[PDB]
Structures are given as structure tokens and as C-alpha cells.
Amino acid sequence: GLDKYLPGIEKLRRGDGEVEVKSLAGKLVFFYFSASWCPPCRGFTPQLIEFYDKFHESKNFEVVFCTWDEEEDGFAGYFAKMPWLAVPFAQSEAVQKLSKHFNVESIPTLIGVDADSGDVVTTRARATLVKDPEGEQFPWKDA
């Protein structure tokens, strides 16, 4: 189901190593579009980390950082501060195309899709998460 969003990407970053995209079977996957340079990302990222630490297991989801940073050497530093996965910096073309697919015009943006079906679940999770820190309305389904 994820083939559509990350064509021919089989591995994602996690800490200093990697995981197979196959390990996301059955999960809700949030693509998190952000950058070290983005002012509103600074305040949002820690709110997402809190939500992830509390609920990624119990609510069965994963976060995949999709960078808008264009400085390679900053990538390590910025992703190092996150607990989840990332599209590798060298697969930035895939991130750009995904950003276009979802009409991401500003960051931060958080889009949730079902890994198995590829179906879009929510496109507004950056807005809804800040008003729902306990995830009482998770996964904030689009109409």
C-alpha cells in the first residue's frame, strides 16, 4: 500500500541504521513534512514526539520524517533529535514528489495513510493533534 507514496524505496532510517518498509504492515503511517529551517516546526515537533511516545504502540502507528531540508550535513543532526523513521536524505526526490502528491504547500504538515491499502486517512493531523493531545478523536479522519 506504501508503494504508491515511496516508489521502489525498501528501507527507511531509524536512529543510526535502517528498517525495511515491510515492517510497517498493518500500521497507520504518518508522513511528517518538516525542516530544521522552518520556524513553526520548532514548536510542533516536540508535541508530536510526546504523542508518539504515548501512543505509537497502543494506537498502532508510525511516523516517517519527510525532510524539506536541502543541506545534507544537517540531516543527521535534525533527524537525530526524533524517535521515529525517516526517508533517507538521498531519496529526497521521492519526498518532493510525495509533497506534490499531497499538495503540501507549507510545513509542518502531517498526513496519515493506511500502510496496507495506501488509503489516505487524514491530511490535517498537524492541526488536529495540537487540539487533541490525548488522541480522543485519533486518527482525525478526513470527511
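For every residue, the number given is its place in the sequence shown, counted from 1. The term rigid core refers to the maximal set of C-alpha atoms that superpose within 1.5 Å between the two forms.
- After superposing on the rigid core, the larger RMS C-alpha deviation in 4 other deposited structures of this protein belongs to 74-82, the other candidate being whichever of 50-58 and 74-82 remains.
- Greater C-alpha displacement in 4 other deposited structures of this protein (rigid core superposition, RMS over structures and residues), of 112-120 versus 65-73: 65-73.
- Mean CA B-factor, 88-96 versus 112-120: the higher value falls on 88-96.
- Mean CA B-factor, 73-81 versus 54-62: the higher value falls on 73-81.
- Among the modelled residues of its chain, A127 has a C-alpha B-factor that falls in the lowest third, as given in the PDB entry.
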